[PDB]
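Participant: Have a look at the structure that comes next, please.
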Amino acid sequence: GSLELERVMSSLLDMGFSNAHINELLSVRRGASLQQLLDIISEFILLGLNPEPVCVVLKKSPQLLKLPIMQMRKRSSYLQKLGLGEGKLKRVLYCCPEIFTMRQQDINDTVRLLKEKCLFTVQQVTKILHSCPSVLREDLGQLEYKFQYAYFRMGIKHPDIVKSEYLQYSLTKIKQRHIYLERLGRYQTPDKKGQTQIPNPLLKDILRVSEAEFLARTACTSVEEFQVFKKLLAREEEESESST
Amino acid sequence: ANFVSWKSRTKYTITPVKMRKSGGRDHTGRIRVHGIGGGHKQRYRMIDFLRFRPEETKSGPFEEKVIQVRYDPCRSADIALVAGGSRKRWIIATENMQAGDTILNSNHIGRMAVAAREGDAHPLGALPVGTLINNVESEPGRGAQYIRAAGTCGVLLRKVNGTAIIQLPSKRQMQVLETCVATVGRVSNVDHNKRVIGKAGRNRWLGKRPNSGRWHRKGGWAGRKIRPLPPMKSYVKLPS
Amino acid sequence: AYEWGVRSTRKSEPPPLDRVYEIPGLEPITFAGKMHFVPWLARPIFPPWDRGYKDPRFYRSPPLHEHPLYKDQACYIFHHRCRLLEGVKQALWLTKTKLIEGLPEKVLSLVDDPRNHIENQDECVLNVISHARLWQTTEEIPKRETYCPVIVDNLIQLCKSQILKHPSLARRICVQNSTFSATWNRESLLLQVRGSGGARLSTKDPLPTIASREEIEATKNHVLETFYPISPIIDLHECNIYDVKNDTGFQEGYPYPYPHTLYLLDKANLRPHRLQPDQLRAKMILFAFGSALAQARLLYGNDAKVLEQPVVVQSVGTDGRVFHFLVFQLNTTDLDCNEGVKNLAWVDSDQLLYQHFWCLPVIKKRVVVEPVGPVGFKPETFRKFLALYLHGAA
RNA sequence: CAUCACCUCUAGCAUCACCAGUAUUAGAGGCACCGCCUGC
Ligand SMILES: [Mg+2]
Ligand SMILES: [Mg+2]
Ligand SMILES: [Mg+2]
């Protein structure tokens with residue numbers, strides 16, 4: 001009793017936890033075992049996460065505390081194996097809190113699809129996961145279609161895809177903006193040699209820029225015209241799925 | 001094939017043991033690793049990677065005096081001959097090690113950290129955080145397997161609940177128990193990677209044969225071909 | 001830890017026994033009656049076999065603990081092949097002696113006058129060196145296992161020609177293939193020295209004492225230097241199967257019982273097989289101590305006390321080019337304690353008889369730079385060799 | 001063709017190759033030293 005309470009507060013003091021956070025960590029748990037609570041806290045510290053982000057992520061979701069000790073230690077070994085650690089895991093946690101709860105093979109297929117099917121470098125895979133955590137939630141088939149769309153139809157190579165945060169954006173908005181640019185003639189698909197008649201607009205201009213500003217910068221078309229295209233493109237896409 | 005491994009000796013000794021080359025051939029006799037063959041003959045010097053190995057009649061912390069730091073052909077780093085009590089054995093030398101120096105080997109984990117000296121062997125539970133370490137082991141009694149190469153050094157990132165995070169030279173974190181024995185400091189031959197082979201002949205002196213002359217269009221990205229999806233199959237190549 | 005010996009090189013596990021043996025009350029059918037192997041029959045279990053008679057060519061010794069001379073306490077044996085790690089410093093502690101640089105004044109004063117020098121001494125030593133390394137054999141450059149012993153036998157023979165001046169050299173011989181044993185304790189450590197090899201100069205009269213009574217009594221203030229963490233018994237043959245026995249090497253009645261000088265030779269072609277100068281002097285001290293200790297025990301019994309008449313034994317160790325001289329005086333036989341009377345040892349280190357020898361002329365650009373013969377010959381080195389041989393006869 | 005040099009890719013580990021080795025390592029490759037210039 002007393003020793004269990006003494007070691008919980010003592011351990012958090014050793015890890016640099018703030019006095020307010022230590023009291024909150026006791027309040028965060030809902031029936032969790034004391035040592036099990038410490039193991040979940042310590043496991044996050046093992047991955048290099050600072051105490052301040054530790055309190056924030058536990059505050060949002062209490063399901064992390066009520067997890068088997070074996071599963072998280074097995075997961076944390078897998079997380080560091082693929083290159084996630086201090087700093088990088090912080091972005092993944094608040095964007096994708098479901099990472100710990102999701103099954104291991106779901107993550108394995110996602111990374112293997114990038115490494116084998118998409119032929120992404122292991123260094124590039126870690127950057128994508130760190131920057132774009134929506135990849136894990138995304139379905140494998142839709143993700144694979146999104147990647148090959150940029151590689152073949154758009155002509156974007158592997159290093160540019162990782163740096164430009166392409167995979168995080170929705171597939172639908174990519175189709176709307178790219179095809180409209182392609183039909184406008186402003187975008188030229190690279191040939192077999194890779195040359196283009198006209199320098200294609202940079203990927204940041206296409207996707208990062210807002211819809212209203214995107215038209216003015218590159219498309220040079222009015223807002224009303226683009227709205228009609230989206231309805232036309234949606235009908236073509238809807239017929240495309242039914243036809244195939 | 002009638003292949004018998006030369007690694008048949010069962011008793012440790014500091015005597016250089018004659019070893020026979022493989023040439024990249026496995027026990028079957030076929031090539032399994034390419035580019036290996038020939039070179040100057042070498043004698044293997046057995047290395048005791050378990051720094052904390054107290055004698056049969058002794059126990060606990062013990063001390064060893066370095067006799068000589070010499071060149072080892074088998075490994076990139078240099079080795080040191082140390083004598084503790086009535087025995088002598090080979091260990092992996094650190095960057096700053098000379099003949100006459102005294103190293104300490106202990107398995108004690110004190111309440112507070114201790115002044116870490118280069119070349120000494122202490123458990124990971126008694127070393128200050130951030131100190132460069134080398135020749136680490138996964139579990140107690142396993143023996144040093146990581147951070148062996150010349151100049152390599154790990155980082156004691158953190159220690160929580162009897163476990164410690166070790167930053168490997170490949171910038172990868174590893175979690176092991178705090179009772180693992182590690183060596184303080186870097187490994188010898190820091191400027192080993194700064195060597196210049198000079199001529200193709202010196203690579204044949206190290207037992208490395210020239211690469212195959214075939215022009216391999218295959219590679220990490222060139223050889224492996226992403227299969228185009230039927231929708232994207234139309235846009236793969238456009239005449240120009 | 002990492003075990004030595006891969007499992008492929010070890011003896012394979014015997015095949016699992018046939019399941020017919022696991023059924024009680026069932027006699028297996030094996031090929032033991034056919035006297036040869038067949039695959040469709042069970043493997044018989046052969047009982048252990050004994051030859052039934054003693055065959056020297058196929059004899060197997062009993063287990064080590066079954067040997068009659070088996071003791072739990074280990075005995076560390078020092079022999080000709082032992083190479084001490086600390087050299088002299090380790091040898092001084094085992095023998096409980098104090099090191100004194102330089103040979104004694106009395107020994108060196110024998111050859112101080114020109115009256116005891118050999119006629120044409122400088123020319124005679126040069127011809128001994130030249131014969132050993134150039135003229136000895138048909139091959140141009142003889143190996144060290146050939147000239148190392150010869151260069152020493154000739155020097156002894158050269159010093160043995162002074163019987164004309166000193167009639168007292170007719171009471172000494174040179175014994176080959178002589179051995180000795182000596183056992184003692186050093187802080188509850190049973191040690192034994194078994195010297196062999198080299199030449200043992202024997203004399204009918206014991207060597208006179210070197211140090212006076214007051215000089216011997218002044219060794220009580222001296223303290224032996226330690227070499228922690230290295231143990232004093234390192235690089236020694238730790239054997240549990242031994243026999244504590246004192247042996248001077250000769251039976252009672254030998255006309256030349258008292259050893260005069262031990263000649264040690266490092267006649268090995270390979271440099272690693274040759275003792276280092278620090279290690280060679282360590283071997284000399286232990287062998288000089290071992291030979292002197294056997295005489296003390298033979299004459300004064302197997303007790304442990306300060307000898308009334310200390311025994312002096314000389315030793316000369318050479319590599320064929322470098323000479324080491326030792327004069328060991330045994331002042332006590334109670335070596336268990338580190339206090340009290342300690343022995344004395346006069347040692348000369350790294351005495352070059354010649355710097356280098358050219359068996360062939362060095363011709364550079366058709367110019368003879370170095371002629372055949374020794375280079376850097378030091379006649380002073382041979383004087384020390386002559387003084388030790390003339391000790392006890394002048 | 002190979003070649004030092006450079007560059008890419010893969011791998012955090014032991015009892016038959018790699019290796020009785022451990023990322024200053026090993027393997028799969030490109031190019032052909034060095035020096036200058038350049039991408040990012
Ligand atoms: Mg190559
Ligand atoms: Mg090529
Ligand atoms: Mg070429």
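All residue names refer to the structure tokens as shown: chains lettered A, B, ... in order, residues numbered from 1 in each chain, ligands numbered from 1 in order.
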Please identify every polymer residue within 9 Å of ligand 3, using only C-alpha atoms (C1' of nucleotides) and all ligand atoms, and present the set as an MDAnalysis selection string.

Facilitator: chainID D and resid 1:2 31:32

Participant: Kindly determine which residues of chain D lie within 9 Å of chain C, considering only C-alpha atoms (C1' of nucleotides), and give the answer as a list in words.

Facilitator: residues 14, 15, 16 and 20 of chain D

Participant: Let me see if you get this right: every residue at most 12 Å from ligand 2, counting only C-alpha atoms (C1' of nucleotides) and all ligand atoms, written as a PyMOL selection string.

Facilitator: (chain B and resi 210-218) or (chain D and resi 1-3+29-32)

Participant: Would you save the residues from that selection as a PDB file, in the first residue's frame, using N, CA, C and O atoms (P, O5', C5', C4', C3', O3' and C1' of nucleotides)?

Facilitator:
```pdb
ATOM      1  N   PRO B 210      37.846  -9.170 -56.786  1.00  0.00           N
ATOM      2  CA  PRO B 210      37.133  -8.138 -57.546  1.00  0.00           C
ATOM      3  C   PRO B 210      35.687  -8.526 -57.818  1.00  0.00           C
ATOM      4  O   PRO B 210      35.337  -9.702 -57.932  1.00  0.00           O
ATOM      5  N   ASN B 211      34.841  -7.504 -57.926  1.00  0.00           N
ATOM      6  CA  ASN B 211      33.426  -7.720 -58.178  1.00  0.00           C
ATOM      7  C   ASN B 211      33.207  -8.271 -59.583  1.00  0.00           C
ATOM      8  O   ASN B 211      34.072  -8.185 -60.458  1.00  0.00           O
ATOM      9  N   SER B 212      32.028  -8.846 -59.791  1.00  0.00           N
ATOM     10  CA  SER B 212      31.687  -9.404 -61.091  1.00  0.00           C
ATOM     11  C   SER B 212      31.618  -8.307 -62.144  1.00  0.00           C
ATOM     12  O   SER B 212      31.163  -7.191 -61.877  1.00  0.00           O
ATOM     13  N   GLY B 213      32.081  -8.627 -63.348  1.00  0.00           N
ATOM     14  CA  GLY B 213      32.077  -7.680 -64.439  1.00  0.00           C
ATOM     15  C   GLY B 213      30.757  -7.503 -65.145  1.00  0.00           C
ATOM     16  O   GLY B 213      30.647  -6.642 -66.021  1.00  0.00           O
ATOM     17  N   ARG B 214      29.748  -8.297 -64.798  1.00  0.00           N
ATOM     18  CA  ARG B 214      28.444  -8.171 -65.433  1.00  0.00           C
ATOM     19  C   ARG B 214      27.811  -6.830 -65.093  1.00  0.00           C
ATOM     20  O   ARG B 214      27.843  -6.383 -63.944  1.00  0.00           O
ATOM     21  N   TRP B 215      27.228  -6.187 -66.101  1.00  0.00           N
ATOM     22  CA  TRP B 215      26.506  -4.936 -65.901  1.00  0.00           C
ATOM     23  C   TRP B 215      25.103  -5.275 -65.414  1.00  0.00           C
ATOM     24  O   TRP B 215      24.238  -5.658 -66.208  1.00  0.00           O
ATOM     25  N   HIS B 216      24.881  -5.142 -64.110  1.00  0.00           N
ATOM     26  CA  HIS B 216      23.596  -5.469 -63.502  1.00  0.00           C
ATOM     27  C   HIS B 216      22.694  -4.247 -63.602  1.00  0.00           C
ATOM     28  O   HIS B 216      22.848  -3.283 -62.849  1.00  0.00           O
ATOM     29  N   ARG B 217      21.749  -4.282 -64.542  1.00  0.00           N
ATOM     30  CA  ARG B 217      20.705  -3.267 -64.570  1.00  0.00           C
ATOM     31  C   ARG B 217      19.778  -3.370 -63.369  1.00  0.00           C
ATOM     32  O   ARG B 217      19.046  -2.415 -63.087  1.00  0.00           O
ATOM     33  N   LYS B 218      19.793  -4.498 -62.663  1.00  0.00           N
ATOM     34  CA  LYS B 218      18.960  -4.660 -61.484  1.00  0.00           C
ATOM     35  C   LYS B 218      19.560  -3.922 -60.294  1.00  0.00           C
ATOM     36  O   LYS B 218      20.782  -3.802 -60.164  1.00  0.00           O
TER      37      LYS B 218
ATOM     38  P     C D   1      33.554  -1.349 -69.545  1.00  0.00           P
ATOM     39  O5'   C D   1      33.968  -2.623 -68.687  1.00  0.00           O
ATOM     40  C5'   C D   1      33.092  -3.731 -68.550  1.00  0.00           C
ATOM     41  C4'   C D   1      33.784  -4.892 -67.883  1.00  0.00           C
ATOM     42  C3'   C D   1      34.415  -4.591 -66.531  1.00  0.00           C
ATOM     43  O3'   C D   1      33.488  -4.671 -65.462  1.00  0.00           O
ATOM     44  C1'   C D   1      35.980  -5.714 -67.899  1.00  0.00           C
ATOM     45  P     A D   2      33.517  -3.587 -64.276  1.00  0.00           P
ATOM     46  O5'   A D   2      34.775  -4.005 -63.395  1.00  0.00           O
ATOM     47  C5'   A D   2      34.874  -5.296 -62.812  1.00  0.00           C
ATOM     48  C4'   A D   2      36.296  -5.604 -62.417  1.00  0.00           C
ATOM     49  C3'   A D   2      36.945  -4.603 -61.475  1.00  0.00           C
ATOM     50  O3'   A D   2      36.647  -4.869 -60.115  1.00  0.00           O
ATOM     51  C1'   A D   2      38.390  -5.020 -63.300  1.00  0.00           C
ATOM     52  P     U D   3      36.257  -3.676 -59.116  1.00  0.00           P
ATOM     53  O5'   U D   3      37.592  -2.814 -59.005  1.00  0.00           O
ATOM     54  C5'   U D   3      38.794  -3.385 -58.510  1.00  0.00           C
ATOM     55  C4'   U D   3      39.957  -2.441 -58.681  1.00  0.00           C
ATOM     56  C3'   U D   3      39.742  -1.023 -58.178  1.00  0.00           C
ATOM     57  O3'   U D   3      39.998  -0.907 -56.790  1.00  0.00           O
ATOM     58  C1'   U D   3      40.756  -0.988 -60.332  1.00  0.00           C
ATOM     59  P     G D  29      25.380  -8.206 -57.329  1.00  0.00           P
ATOM     60  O5'   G D  29      25.743  -6.662 -57.215  1.00  0.00           O
ATOM     61  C5'   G D  29      25.973  -5.876 -58.372  1.00  0.00           C
ATOM     62  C4'   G D  29      25.215  -4.575 -58.308  1.00  0.00           C
ATOM     63  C3'   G D  29      25.866  -3.398 -59.016  1.00  0.00           C
ATOM     64  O3'   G D  29      25.646  -3.387 -60.415  1.00  0.00           O
ATOM     65  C1'   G D  29      25.232  -2.734 -56.854  1.00  0.00           C
ATOM     66  P     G D  30      26.855  -3.028 -61.404  1.00  0.00           P
ATOM     67  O5'   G D  30      26.848  -1.436 -61.461  1.00  0.00           O
ATOM     68  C5'   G D  30      25.718  -0.731 -61.947  1.00  0.00           C
ATOM     69  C4'   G D  30      25.785   0.735 -61.598  1.00  0.00           C
ATOM     70  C3'   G D  30      26.962   1.509 -62.168  1.00  0.00           C
ATOM     71  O3'   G D  30      26.758   1.907 -63.514  1.00  0.00           O
ATOM     72  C1'   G D  30      26.704   2.032 -59.877  1.00  0.00           C
ATOM     73  P     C D  31      27.937   1.760 -64.596  1.00  0.00           P
ATOM     74  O5'   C D  31      28.998   2.873 -64.174  1.00  0.00           O
ATOM     75  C5'   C D  31      28.706   4.256 -64.313  1.00  0.00           C
ATOM     76  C4'   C D  31      29.584   5.096 -63.419  1.00  0.00           C
ATOM     77  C3'   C D  31      31.074   5.064 -63.724  1.00  0.00           C
ATOM     78  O3'   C D  31      31.448   5.955 -64.762  1.00  0.00           O
ATOM     79  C1'   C D  31      30.740   4.716 -61.414  1.00  0.00           C
ATOM     80  P     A D  32      32.685   5.606 -65.728  1.00  0.00           P
ATOM     81  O5'   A D  32      33.966   5.707 -64.783  1.00  0.00           O
ATOM     82  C5'   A D  32      34.345   6.942 -64.182  1.00  0.00           C
ATOM     83  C4'   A D  32      35.346   6.737 -63.071  1.00  0.00           C
ATOM     84  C3'   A D  32      36.795   6.569 -63.522  1.00  0.00           C
ATOM     85  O3'   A D  32      37.665   7.072 -62.510  1.00  0.00           O
ATOM     86  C1'   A D  32      36.102   4.623 -62.389  1.00  0.00           C
TER      87        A D  32
END
```

Participant: Take atom CA of residue 357 of chain C and atom CA of residue 374 of chain C and report the distance between them in Å, one decimal.

Facilitator: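 These atoms are spaced 4.3 Å apart.
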
Participant: Can you list, as a VMD selection string, every protein, DNA or RNA residue that comes within 10 Å of residue 198 of chain A when you count only C-alpha atoms (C1' of nucleotides), leaving out same-chain residues fewer than 5 positions away?

Facilitator: chain A and resid 185 to 190

Participant: Give me, as an MDAnalysis selection string, the contact residues of chain D against chain A at a cut-off of 10 Å, counting only C-alpha atoms (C1' of nucleotides).

Facilitator: chainID D and resid 9:10 12

Participant: Name all residues at most 8 Å from residue 21 of chain D (count only C-alpha atoms (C1' of nucleotides); drop same-chain ones fewer than 4 positions away) and give them as a PyMOL selection string.

Facilitator: (chain B and resi 74-75) or (chain D and resi 25)

Participant: DSSP says alpha helix (DSSP H) for which residues of segment 19-257 of chain C? Put them as an NGL selection string?

Facilitator: :C and (88-95 or 105-109 or 121-130 or 144-159 or 213-217)

Participant: Keeping only N, CA and C atoms, write the selected residues as a compact mmCIF listing (two decimals), in the first residue's frame.

Facilitator:
```
# COMPACT_ATOMS: atom_id res chain seq x y z
N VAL C 88 62.21 -10.49 -13.99
CA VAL C 88 63.02 -10.56 -12.78
C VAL C 88 62.18 -10.23 -11.55
N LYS C 89 61.32 -9.22 -11.64
CA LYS C 89 60.53 -8.79 -10.50
C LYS C 89 59.68 -9.93 -9.95
N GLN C 90 59.14 -10.78 -10.82
CA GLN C 90 58.41 -11.96 -10.35
C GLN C 90 59.35 -13.02 -9.79
N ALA C 91 60.54 -13.17 -10.37
CA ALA C 91 61.49 -14.16 -9.88
C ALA C 91 62.07 -13.77 -8.53
N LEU C 92 62.24 -12.47 -8.27
CA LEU C 92 62.77 -12.04 -6.98
C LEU C 92 61.82 -12.34 -5.83
N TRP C 93 60.51 -12.26 -6.06
CA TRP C 93 59.53 -12.51 -5.00
C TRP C 93 59.41 -13.99 -4.66
N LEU C 94 59.47 -14.86 -5.67
CA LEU C 94 59.38 -16.29 -5.40
C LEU C 94 60.59 -16.79 -4.63
N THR C 95 61.77 -16.24 -4.91
CA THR C 95 63.01 -16.68 -4.27
C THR C 95 63.37 -15.86 -3.04
N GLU C 105 82.61 -7.14 -6.17
CA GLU C 105 83.97 -6.62 -6.32
C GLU C 105 84.99 -7.75 -6.30
N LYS C 106 84.81 -8.73 -5.42
CA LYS C 106 85.77 -9.82 -5.30
C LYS C 106 85.86 -10.63 -6.59
N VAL C 107 84.71 -10.91 -7.21
CA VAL C 107 84.71 -11.67 -8.46
C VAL C 107 85.40 -10.89 -9.57
N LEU C 108 85.08 -9.60 -9.69
CA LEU C 108 85.65 -8.79 -10.76
C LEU C 108 87.12 -8.46 -10.53
N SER C 109 87.58 -8.49 -9.27
CA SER C 109 88.97 -8.18 -8.99
C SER C 109 89.91 -9.30 -9.41
N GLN C 121 94.22 -12.43 -25.88
CA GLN C 121 92.83 -12.66 -25.49
C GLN C 121 91.86 -12.09 -26.52
N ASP C 122 92.13 -10.88 -27.01
CA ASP C 122 91.23 -10.25 -27.97
C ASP C 122 91.15 -11.04 -29.26
N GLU C 123 92.29 -11.53 -29.75
CA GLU C 123 92.29 -12.33 -30.97
C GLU C 123 91.61 -13.68 -30.77
N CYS C 124 91.79 -14.31 -29.61
CA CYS C 124 91.18 -15.61 -29.36
C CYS C 124 89.66 -15.53 -29.33
N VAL C 125 89.10 -14.49 -28.71
CA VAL C 125 87.64 -14.37 -28.66
C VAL C 125 87.08 -14.08 -30.04
N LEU C 126 87.77 -13.27 -30.84
CA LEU C 126 87.30 -13.00 -32.20
C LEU C 126 87.26 -14.26 -33.04
N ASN C 127 88.27 -15.12 -32.93
CA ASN C 127 88.27 -16.38 -33.65
C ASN C 127 87.20 -17.34 -33.14
N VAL C 128 86.85 -17.27 -31.86
CA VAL C 128 85.74 -18.07 -31.35
C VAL C 128 84.42 -17.58 -31.93
N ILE C 129 84.21 -16.27 -31.97
CA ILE C 129 82.99 -15.72 -32.56
C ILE C 129 82.94 -16.00 -34.05
N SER C 130 84.07 -15.80 -34.74
CA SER C 130 84.11 -16.02 -36.18
C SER C 130 83.85 -17.48 -36.53
N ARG C 144 70.67 -20.39 -35.38
CA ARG C 144 71.00 -20.13 -33.98
C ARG C 144 71.05 -21.41 -33.16
N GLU C 145 70.26 -22.42 -33.52
CA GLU C 145 70.33 -23.70 -32.82
C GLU C 145 71.66 -24.41 -33.03
N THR C 146 72.57 -23.82 -33.80
CA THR C 146 73.87 -24.41 -34.09
C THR C 146 75.03 -23.68 -33.44
N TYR C 147 75.06 -22.34 -33.51
CA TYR C 147 76.18 -21.58 -32.98
C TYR C 147 75.98 -21.13 -31.54
N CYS C 148 74.75 -21.12 -31.04
CA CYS C 148 74.51 -20.73 -29.65
C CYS C 148 75.22 -21.66 -28.67
N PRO C 149 75.14 -22.99 -28.82
CA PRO C 149 75.90 -23.84 -27.88
C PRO C 149 77.39 -23.84 -28.16
N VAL C 150 77.79 -23.80 -29.43
CA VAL C 150 79.21 -23.90 -29.77
C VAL C 150 79.97 -22.68 -29.28
N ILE C 151 79.39 -21.48 -29.45
CA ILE C 151 80.07 -20.26 -29.02
C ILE C 151 80.30 -20.23 -27.51
N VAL C 152 79.56 -21.01 -26.74
CA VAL C 152 79.72 -21.07 -25.29
C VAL C 152 80.69 -22.16 -24.88
N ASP C 153 80.65 -23.31 -25.55
CA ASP C 153 81.60 -24.37 -25.25
C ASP C 153 83.03 -23.93 -25.54
N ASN C 154 83.23 -23.19 -26.63
CA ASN C 154 84.56 -22.70 -26.96
C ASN C 154 85.05 -21.67 -25.94
N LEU C 155 84.17 -20.78 -25.48
CA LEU C 155 84.58 -19.82 -24.45
C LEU C 155 84.96 -20.52 -23.16
N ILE C 156 84.21 -21.54 -22.75
CA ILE C 156 84.59 -22.33 -21.59
C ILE C 156 85.92 -23.04 -21.85
N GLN C 157 86.08 -23.60 -23.05
CA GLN C 157 87.35 -24.22 -23.41
C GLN C 157 88.48 -23.20 -23.42
N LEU C 158 88.21 -21.98 -23.89
CA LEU C 158 89.21 -20.93 -23.85
C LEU C 158 89.59 -20.57 -22.42
N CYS C 159 88.60 -20.49 -21.52
CA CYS C 159 88.88 -20.22 -20.12
C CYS C 159 89.49 -21.42 -19.41
N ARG C 213 78.76 -10.96 6.97
CA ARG C 213 77.66 -11.21 7.90
C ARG C 213 76.80 -9.96 8.08
N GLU C 214 77.43 -8.79 8.19
CA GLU C 214 76.66 -7.56 8.37
C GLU C 214 75.83 -7.23 7.14
N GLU C 215 76.36 -7.47 5.94
CA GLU C 215 75.60 -7.22 4.72
C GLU C 215 74.39 -8.13 4.60
N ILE C 216 74.51 -9.39 5.00
CA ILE C 216 73.37 -10.30 4.97
C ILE C 216 72.30 -9.87 5.96
N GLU C 217 72.70 -9.46 7.17
CA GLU C 217 71.75 -9.01 8.18
C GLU C 217 71.06 -7.70 7.82
```
